[PDB]
Amino acid sequence: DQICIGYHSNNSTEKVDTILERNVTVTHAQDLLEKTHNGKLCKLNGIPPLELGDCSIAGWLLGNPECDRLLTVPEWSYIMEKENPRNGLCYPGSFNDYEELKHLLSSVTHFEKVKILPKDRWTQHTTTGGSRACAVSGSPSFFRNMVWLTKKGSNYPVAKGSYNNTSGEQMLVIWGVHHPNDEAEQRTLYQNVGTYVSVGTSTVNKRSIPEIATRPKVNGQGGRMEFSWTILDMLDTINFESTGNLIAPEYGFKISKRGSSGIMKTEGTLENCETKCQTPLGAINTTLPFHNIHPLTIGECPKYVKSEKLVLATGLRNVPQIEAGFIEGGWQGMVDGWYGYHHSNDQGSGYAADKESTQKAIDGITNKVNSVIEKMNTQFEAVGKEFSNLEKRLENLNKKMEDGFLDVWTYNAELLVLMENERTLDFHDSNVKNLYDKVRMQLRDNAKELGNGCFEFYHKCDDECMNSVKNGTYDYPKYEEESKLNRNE
Amino acid sequence: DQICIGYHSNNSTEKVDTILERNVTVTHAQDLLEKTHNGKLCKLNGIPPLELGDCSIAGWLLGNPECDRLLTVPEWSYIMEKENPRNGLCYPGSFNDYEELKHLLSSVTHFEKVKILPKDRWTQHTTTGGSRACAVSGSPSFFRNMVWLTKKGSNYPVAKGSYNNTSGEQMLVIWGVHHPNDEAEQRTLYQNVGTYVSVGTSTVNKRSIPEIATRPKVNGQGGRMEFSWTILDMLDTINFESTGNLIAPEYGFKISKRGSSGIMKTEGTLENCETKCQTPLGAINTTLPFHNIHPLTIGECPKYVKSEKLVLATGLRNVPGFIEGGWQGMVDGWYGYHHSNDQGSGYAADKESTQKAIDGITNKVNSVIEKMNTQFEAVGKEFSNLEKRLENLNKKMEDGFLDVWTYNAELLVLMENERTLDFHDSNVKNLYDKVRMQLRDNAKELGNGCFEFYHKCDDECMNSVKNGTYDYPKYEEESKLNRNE
Amino acid sequence: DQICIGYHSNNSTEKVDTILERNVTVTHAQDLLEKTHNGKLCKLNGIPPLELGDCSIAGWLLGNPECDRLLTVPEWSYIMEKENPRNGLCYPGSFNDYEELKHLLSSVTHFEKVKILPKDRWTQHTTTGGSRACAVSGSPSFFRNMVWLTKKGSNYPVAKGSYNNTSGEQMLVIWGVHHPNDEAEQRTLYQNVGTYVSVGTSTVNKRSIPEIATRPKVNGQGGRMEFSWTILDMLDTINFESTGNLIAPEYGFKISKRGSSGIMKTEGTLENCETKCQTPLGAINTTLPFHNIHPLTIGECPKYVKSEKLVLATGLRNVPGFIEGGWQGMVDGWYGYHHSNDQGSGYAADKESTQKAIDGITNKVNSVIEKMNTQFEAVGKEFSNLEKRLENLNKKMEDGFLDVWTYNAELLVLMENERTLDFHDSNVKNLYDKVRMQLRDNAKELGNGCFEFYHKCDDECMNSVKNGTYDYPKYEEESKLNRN
Ligand SMILES: CC(=O)N[C@H]1[C@H]([C@H](O)[C@H](O)CO)O[C@@](O[C@@H]2[C@@H](O)[C@H](O)O[C@H](CO)[C@@H]2O)(C(=O)O)C[C@@H]1O
Ligand SMILES: CC(=O)N[C@H]1[C@H]([C@H](O)[C@H](O)CO)O[C@@](O[C@@H]2[C@@H](O)[C@H](O)O[C@H](CO)[C@@H]2O)(C(=O)O)C[C@@H]1O
Ligand SMILES: *[C@@H]1O[C@H](CO)[C@@H](O[C@@H]2O[C@H](CO)[C@@H](O)[C@H](O)[C@H]2NC(C)=O)[C@H](O)[C@H]1NC(C)=O
Ligand SMILES: *[C@@H]1O[C@H](CO)[C@@H](O[C@@H]2O[C@H](CO)[C@@H](O)[C@H](O)[C@H]2NC(C)=O)[C@H](O)[C@H]1NC(C)=O
Ligand SMILES: *[C@@H]1O[C@H](CO)[C@@H](O[C@@H]2O[C@H](CO)[C@@H](O)[C@H](O)[C@H]2NC(C)=O)[C@H](O)[C@H]1NC(C)=O
Ligand SMILES: CC(=O)N[C@H]1[C@H]([C@H](O)[C@H](O)CO)O[C@@](O)(C(=O)O)C[C@@H]1O
Ligand SMILES: *[C@@H]1O[C@H](CO)[C@@H](O)[C@H](O)[C@H]1NC(C)=O
Ligand SMILES: *[C@@H]1O[C@H](CO)[C@@H](O)[C@H](O)[C@H]1NC(C)=O
Ligand SMILES: *[C@@H]1O[C@H](CO)[C@@H](O)[C@H](O)[C@H]1NC(C)=O
Ligand SMILES: *[C@@H]1O[C@H](CO)[C@@H](O)[C@H](O)[C@H]1NC(C)=O
Ligand SMILES: *[C@@H]1O[C@H](CO)[C@@H](O)[C@H](O)[C@H]1NC(C)=O
Ligand SMILES: *[C@@H]1O[C@H](CO)[C@@H](O)[C@H](O)[C@H]1NC(C)=O
Ligand SMILES: *[C@@H]1O[C@H](CO)[C@@H](O)[C@H](O)[C@H]1NC(C)=O
């Protein structure tokens with residue numbers, strides 16, 4: 001007649017980390033970090049992205065002749081753009097407030113091209129101008145969405161054009177101004193000097209003056225074109241007026257759908273998937289609450305931590321018995337619960353595992369795991385932004401902010417996991433010791449402690465007796481006289 | 001003749017949170033979060049705020065005809081401004097560097113209007129101009145702080161004006177430039193084309209040419225007015241020169257008091273109170289160190305946490321015999337020494353561990369409060385339509401710091417609660433173990449958390465047993481004889 | 001024949017902090033914070049810094065006559081600029097994108113001055129103009145690196161100049177425009193009204209018209225000069241064209257070395273040192289992982305925390321059996337195993353738990369130093385008068401991150417110390433429990449922390465118990481014999 005106290009063990013091999021010990025082998029572990037991706041760019045919830053290819057955003061919106069497959073684009077989930085696109089402004093120039101326009105586009109889904117100023121309304125000027133920088137099949141051409149107004153004969157009459165926005169949504173309009181490289185070019189193209197371009201809306205007032213300068217040749221020309229933009233409100237009017245150097249719009253872009261999107265800098269192409277979220281290096285298909293692939297993601301998928309390992313120990317330490325109690329190790333034969341309650345009566349033995357402590361431990365560990373997951377859902381999420389050449393201070397500020405927040409949250413996650421692992425292992429050891437202490441307490445003094453975490457009963461009992469002791473109903477006054485009689489021997 | 005060991009219980013109904021357990025009832029608890037406000041917008045240490053009503057800052061500084069109650073304003077503590085004010089720039093136009101001026105005003109109290117260029121000094125131009133955009137009683141009018149200079153007869157001579165800042169402090173000066181909607185209006189108003197407006201200080205140099213375009217009608221007019229500003233230093237002069245299109249100032253604004261203030265975006269009005277801090281939703285009157293009402297506060301009052309519950313467990317687990325529960329009759333302390341002599345009984349606690357635990361828990365509470373008084377404070381700012389990246393950066397920074405500090409506070413509270421509960425349980429267990437050890441073998445452990453004396457003693461002997469002065473070689477012989485029976 | 005358990009005590013006076021307790025005396029302590037400096041500005045890795053003295057960066061680049069000691073400058077480690085330099089723009093004016101240029105300079109080591117437009121090529125103008133706002137020995141003078149172009153006789157022909165960047169690296173070029181204070185001065189300098197200044201490169205296009213206005217006399221003159229800059233790429237070209245009001249450059253600044261550097265705001269001078277980290281107050285010479293002198297540092301050196309005390313308790317609580325306190329006689333280890341046989345006595349410690357405790361504590365100390373290596377580093381920046389919101393954003397970001405990391409470090413140290421002390425107490429108690437259990441019932445626990453053997457042992461039994469080889473069946477019958 002003998003019972004003992006122990007704990008479950010098995011043959012697993014996962015390793016966990018703790019604030020004191022390094023690489024401790026445990027029984028069960030839960031993984032929280034995803035470190036794999038399929039390395040493909042592909043669809044988001046069924047809507048394919050917008051593949052610019054070798055074109056830039058400016059070349060798309062202006063109608064570069066090489067970007068002729070984007071003249072009508074369906075709805076998109078995100079925009080794919082290269083780091084150094086080859087096809088942008090075919091005719092050299094600038095694009096004022098380019099990055100603000102990109103920030104606006106980062107949350108704009110489907111466009112809709114509306115002809116606001118048809119090319120045939122300019123009956124007092126010339127509209128067939130073109131440059132060899134934007135050339136198709138050897139002949140000169142121009143942007144497909146803009147009109148280059150030149151003189152007709154020897155006159156450049158005052159050009160006027162107005163549009164009232166009755167489309168039903170906000171409209172994006174882009175105009176431009178030409179800067180020649182001498183006075184002869186100006187007189188050859190517009191037959192006027194001291195010309196101007198004036199644009200006016202309810203919140204816009206501009207009067208540009210051409211700036212003639214001598215410059216090197218970019219794409220073969222010494223002239224430059226400056227492009228500006230505005231967002232026209234519903235039922236608002238826009239007016240154009242110029243005595244020269246006007247690159248007038250023909251189309252206007254109507255914001256149609258709106259939503260959450262972004263601009264991804266990648267060098268890959270489009271394949272066939274259906275993913276939930278996408279990173280510049282690939283697509284993620286996981287249920288784990290963390291990943292470490294790339295800080296910038298689009299869609300619905302987990303948080304980013306700059307760590308190589310995050311494992312939560314949800315079990316016991318793996319120390320077996322080399323070659324019968326908790327002071328040596330765990331038993332392989334326990335396949336019922338965690339905390340061992342090995343018993344051995346006269347007729348036989350058994351390996352019944354306690355349930356009152358097992359369920360309490362399970363509830364505790366599940367609450368701990370859920371809490372660890374839940375306190376980290378208010379993380380910092382990075383949002384992409386573009387900056388110009390004369391905005392290095394602001395770009396450094398943004399980079400430092402994002403990096404600092406990522407570092408803080410990585411530190412938080414790692415430390416929380418380490419401390420929770422320590423507390424879990426200590427808690428399990430304490431639970432084994434507490435069950436042993438409860439057994440010894442209810443036993444009183446009617447058993448000789450063998451020193452291996454259990455005691456041979458000084459009261460000779462039966463299956464009912466040991467079962468009741470397991471239930472916690474060992475009545476000392478019922479079995480004190482006979483036990484004392486045996487102890488007197 | 002026996003004694004027992006336990007702890008204290010009562011009938012409180014406070015619930016605290018823990019890492020492994022949630023909603024645990026405790027004896028005593030201390031709240032740290034304030035969640036109530038009076039819903040009123042009212043005074044700050046006896047100084048009323050500046051109520052702009054339906055007016056904007058530009059309307060107040062330029063003297064809109066509808067903001068005529070703010071011509072002379074007393075000292076304030078903060079400013080109330082609506083989200084989309086109605087009476088701003090009556091004549092359509094723009095205000096350059098508006099957000100920078102508002103940032104400057106955010107830390108400026110009382111002004112002092114100084115008449116720097118009197119209207120009568122322009123004896124070569126007409127100063128009676130005005131528009132029906134800013135109309136009072138139907139007739140045209142103009143801004144009350146600015147002068148519209150137009151032609152007199154058929155000339156617009158070169159207009160000059162200088163001021164030397166001998167007022168005694170920095171002064172804010174505002175001027176403007178007019179943009180007509182065609183050339184005919186320009187000749188009808190100024191007689192000249194290709195005009196300019198030039199302003200000169202010791203650090204400002206500007207030459208503005210009017211821009212003529214065709215524009216829709218806003219407030220009935222197709223023209224626009226562009227306004228600019230500068231801060232004049234002491235003993236520094238400002239020069240004005242123009243051949244046309246000049247809207248000259250008549251008043252400068254002297255900075256007089258300075259201090260800590262702000263601009264609060266609210267749509268309410270001013271009531272009668274006297275509070276110590278103000279939020280855009282109402283005042284706060286509390287001595288607790290945290291609040292969760294609004295991130296932007298003006299005054300001296302607690303830190304903001306984006307949570308819903310912050311309760312610190314300062315007592316013991318509330319379960320109604322240290323291996324069986326607690327006692328409802330003990331009112332002395334936390335750690336009990338239930339004592340029962342032959343002729344009497346008692347319920348005295350232990351008065352040495354109680355003060356140690358009180359000191360430890362008080363130090364812990366003060367340390368929790370102390371570690372969190374270096375938090376991050378949000379500061380209001382304004383951004384324009386073409387500054388969306390900067391606005392996004394500011395909002396993300398403020399939100400990130402708020403989330404970080406909320407996480408820190410919640411983790412601290414949970415870990416401290418876990419430690420406190422285990423600390424009290426371990427203290428009770430350690431006291432019982434000390435009693436069992438010092439009693440040696442002269443006791444029969446009943447098992448219910450206390451033993452039965454194997455030596456027969458009295459009230460003084462039992463007091464010595466509890467007092468750490470258990471003299472073993474005193475009464476061990478009769479105890480041995482008794483256990484031998 | 002008694003054996004007792006205790007922990008070693010000594011005569012140290014280092015105090016540490018904890019969540020529950022304050023000012024607790026410990027045996028051994030590790031300090032992590034460095035709080036002193038030599039208060040000297042001096043060399044970093046053998047390369048001296050660049051000392052502008054009373055000159056600003058603009059004054060250094062433009063060639064202020066007072067900054068004639070900086071005409072040629074060797075390689076440098078950092079730049080020393082006063083908060084309010086006195087010798088900057090001798091002729092009043094402004095510098096466009098000054099802070100961007102300073103940010104660019106912050107990561108730029110040695111410059112190399114290249115003569116890109118000699119002064120004698122302007123054979124149709126006068127190149128000897130100057131002002132009394134930049135005067136040397138009473139006579140008028142001008143910036144050394146710039147040329148002021150004026151009338152030659154009574155004509156001002158169109159000025160043209162070009163440069164093709166064949167130097168080998170990127171180049172910085174600075175030009176200017178002059179704004180007179182009346183029409184008469186413009187005519188007496190240029191014979192042209194409505195002039196322009198045109199600059200064009202492959203990525204830069206500009207045309208500036210002079211602005212004339214009446215202004216207060218700063219430094220004696222009512223005119224102003226506006227200066228602009230650009231970075232010219234390899235094998236690129238810059239063209240200058242102007243009908244008047246042109247301040248042409250004579251030199252360009254080739255970027256020669258590059259590296260990690262910074263601009264430092266101090267009022268001191270250079271002394272004869274050698275250091276590896278430099279803060280604006282002085283140098284740092286340490287092997288510790290933290291410091292609290294100044295947030296902005298140049299070189300390699302520890303992290304900045306805004307605390308005055310970071311001490312880690314690596315030992316046991318210092319109070320003079322474990323149920324009474326420590327032992328001053330023990331010098332063996334940390335956990336004691338006092339034995340005393342009939343023939344003699346002893347003070348031997350335990351060789352098993354001591355190594356485990358040392359390994360764990362060292363692992364934890366190294367971990368604490370490891371988790372703070374991803375800290376936040378401040379980088380200096382400059383902002384203009386119309387950029388107060390950006391300045392406030394930068395200040396708040398830096399201060400918030402510093403506060404967050406300071407909080408992290410202090411909390412980690414406090415929890416570490418509590419865990420260390422509790423761990424030592426638990427280890428002592430568990431060794432005592434192991435001895436008590438393996439001894440079984442063949443002794444009477446004295447009470448102070450040890451037992452009195454019920455059967456007389458010898459030295460062999462003593463070190464057998466110490467080695468965990470006490471055998472109950474080998475000795476129980478005679479033990480029960482002395483039981484009576
Ligand atoms: C209306 C128009 O596009 N006209 C020209 C165009 C412009 O005159 C301007 O130069 C824009 O670049 O220029 C194009 O042609 C030219 C060459 O054929 C000529 O040898 O050199 C010119 C410069 O001196 C100019 O480059 C051009 O885009 O190359 C074409 C078009 O006829
Ligand atoms: C010196 C002056 O204030 N002159 C006009 C003024 C300007 O002509 C300009 O329109 C600035 O508002 O405008 C006022 O006059 C006019 C109207 O009464 C009329 O119906 O429409 C005019 C424009 O076509 C002009 O606006 C005005 O704003 O009411 C007043 C004053 O006569
Ligand atoms: C742009 O179009 C809108 C609608 O087509 C015009 O708004 C109308 O203005 C007239 C004024 O004669 C009113 O009678 C209508 O009731 C308005 N319609 C709506 C829907 O508001 C607007 O005036 C046009 N813009 C301009 C500058 O004429
Ligand atoms: C503006 O007024 C101040 C004070 O009246 C002038 O400062 C004085 O300048 C004279 C030079 O003629 C000195 O002798 C005085 O000592 C100055 N006064 C003080 C208090 O310093 C200043 O010159 C005036 N500004 C202009 C442009 O004339
Ligand atoms: C600036 O100089 C470079 C070389 O020093 C010029 O590039 C050369 O251009 C000629 C054209 O006649 C080519 O034959 C050479 O092969 C080019 N050299 C190299 C290294 O590419 C460049 O053209 C010059 N800039 C200008 C505006 O002429
Ligand atoms: C070409 C030139 O530098 N000319 C003269 C300038 C200008 O006329 C303006 O004053 C600009 O300062 O001014 C001085 O008279 C002067 O005392 O500063 C010096 C010089 O004779
Ligand atoms: C561990 O035991 C499991 C029993 O489910 C078995 O499938 C697995 O192969 C074992 N692994 C090793 C390494 O013995
Ligand atoms: C486990 O961690 C220990 C650190 O004590 C390290 O020495 C060992 O290499 C690690 N194991 C593996 C497989 O990396
Ligand atoms: C994601 O992975 C699961 C495996 O858990 C798989 O069943 C599912 O098909 C995957 N989704 C896609 C879109 O491939
Ligand atoms: C207390 O919290 C628990 C969460 O474990 C929740 O189930 C229970 O409803 C809560 N009770 C009250 C009264 O809020
Ligand atoms: C704030 O509340 C306290 C209650 O403790 C009250 O005595 C005090 O009058 C209140 N303050 C005001 C301004 O009403
Ligand atoms: C140590 O800290 C305690 C705070 O508990 C303080 O009372 C005591 O004065 C301090 N001692 C010294 C020497 O600073
Ligand atoms: C730094 O301190 C050490 C002392 O550990 C000393 O040997 C060394 O010379 C010091 N460095 C300098 C540059 O003085």
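In the text below, chain A, chain B and the rest are named by the order of the sequence lines, each starting its count at 1. In what follows, every heavy atom counts, from backbone to side chain, and hydrogens, waters and symmetry copies are set aside. Every number for a ligand or one of its atoms is a count from 1 in the order of the listing.
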Between [Y] and [X], is there a salt bridge with N-O shorter than 4.0 Å?
X: B:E416; Y: B:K364; result: yes
X: A:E66; Y: A:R86; result: no
X: C:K265; Y: C:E81; result: yes

Could you identify the single nearest non-hydrogen protein atom to [atom] and state the distance to 0.1 Å?
atom: atom 5 (O) of ligand 5; value: C:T166 CG2, 3.4 Å
atom: atom 2 (O) of ligand 5; value: C:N164 ND2, 2.4 Å
atom: atom 20 (C) of ligand 5; value: C:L235 CD1, 4.6 Å
atom: atom 27 (C) of ligand 5; value: C:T237 OG1, 3.6 Å

Check: [X] side chain, [Y] main-chain N or O, donor-acceptor pair, under 3.5 Å:
X: C:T27; Y: C:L316; value: yes
X: C:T275; Y: C:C277; value: yes
X: C:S242; Y: C:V197; value: no

Original post:
In terms of ring plane angle, is the pair C:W76 and C:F111 parallel, tilted or perpendicular, where the classes change at 30° and 60°?
Top reply: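 Ring orientation, 0 to 90° scale: perpendicular.
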**OP:** Evaluate the ring planes of B:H424 and B:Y335, with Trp represented by its six-membered ring, and classify them as parallel (under 30°), tilted (30 to 60°) or perpendicular (over 60°).
**Re:** perpendicular
Subject >> Residues in the immediate environment of ligand 13 (any heavy atom closer than 4.0 angstrom) >> reply: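 Contacts of ligand 13 under 4.0 Å: C:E274, C:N285.
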Original post:
Which heavy atom in B:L288 sits nearest to a heavy atom in B:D31, and how many Å separate them?
Top reply: CD2-O, 3.2 Å
Subject >> For the student: nearest non-hydrogen atoms of B:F290 and B:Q375, plus distance >> reply: CE2-NE2, 4.0 Å
Subject >> B:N363, any N or O under 3.5 Å of ligand 12 N or O >> reply: no
Original post:
Any protein heavy atom under 4.0 Å from atom 24 (C) of ligand 5?
Top reply: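 There is a protein heavy atom less than 4.0 Å from atom 24 (C) of ligand 5.
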Original post:
Is there at least one protein heavy-atom neighbour under 4.0 Å from atom 7 (O) of ligand 5?
Top reply: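 Protein heavy atoms within 4.0 Å of atom 7 (O) of ligand 5 - there are none.
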Original post:
Relative to the heavy atoms of C:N23, which atoms of ligand 12 are at a distance of less than 4.0 Å?
Top reply: 1 (C), 2 (O), 3 (C), 8 (C), 10 (C), 11 (N), 12 (C), 14 (O)
